[PDB]
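> Provided hereafter are the protein sequence and its experimental coordinates.
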Amino acid sequence: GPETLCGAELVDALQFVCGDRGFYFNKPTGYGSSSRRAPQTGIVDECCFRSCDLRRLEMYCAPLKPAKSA
């Protein structure tokens with residue numbers, strides 16, 4: 001995951017941050033249709049280096065961090 005690959009804790013992040021059926025991969029409005037910079041959540045420039053952190057991708061999808069919308 002982290003400290004390896006580059007997009008292991010990012011792709012799986014949303015796949016595990018949105019839940020198991022919702023994670024809208026930049027579905028809701030993008031910025032260059034994937035590719036070409038990605039200054040926002042660094043979902044592609046996060047662990048890519050050594051930052052498998054989050055606190056940003058939790059707003060990419062899912063109705064809310066914890067269960068239940070509200």
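Cool, got the structure. Numbers count the residues shown, from 1 in each chain.
> What lies in contact with stretch 55-70?
For stretch 55-70, the external contacting residues (Cβ atoms under 8 Å, 6 or more residues apart in numbering) are 10, 13-14, 17-19, 22-27, 40-43, 46. Where you see a C-beta, it was placed from the backbone N, CA and C, and this is true even at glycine.
> Start and end of stretch 5-17, how far apart?
End-to-end distance for stretch 5-17, by Cα to Cα, to the nearest Å: 19 Å.
> actually stretch 3-12, sorry about that
End-to-end distance for stretch 3-12: 14 Å, by Cα to Cα.
> buried stuff in that stretch?
Neighbour-count burial for stretch 3-12, counted by 16 or more other Cβ atoms under 10 Å, picks out 9-11.
> before we move on, what about stretch 30-42?
38, 41-42.
> what's the answer for stretch 51-59, then?
Neighbour-count burial for stretch 51-59, counted by 16+ other Cβ under 10 Å, picks out 52, 54, 57.
> Kindly report the same for stretch 18-29.
Of the residues in stretch 18-29, 18, 23, 26 count as buried by neighbour count, 16+ other Cβ under 10 Å.
> what's near enough to touch the first one?
With contacts taken as Cβ under 8 Å, 6+ apart, residue 18 has the following neighbours: 24, 60-62.
> And those residues, which of them are buried?
Among these, those classed as buried by 16+ other Cβ under 10 Å are 60-62.
> Let me know the closest of the buried residues of stretch 30-42 to residue 1.
Checking those against residue 1 with Cβ to Cβ, the nearest one is residue 42 at 15.6 Å.
> any idea what sits nearest the closest one, other than its immediate chain neighbours?
In space, and not counting its chain neighbours, residue 42 is closest to residue 51: 6.8 Å by Cβ to Cβ, 6 or more residues apart in numbering.
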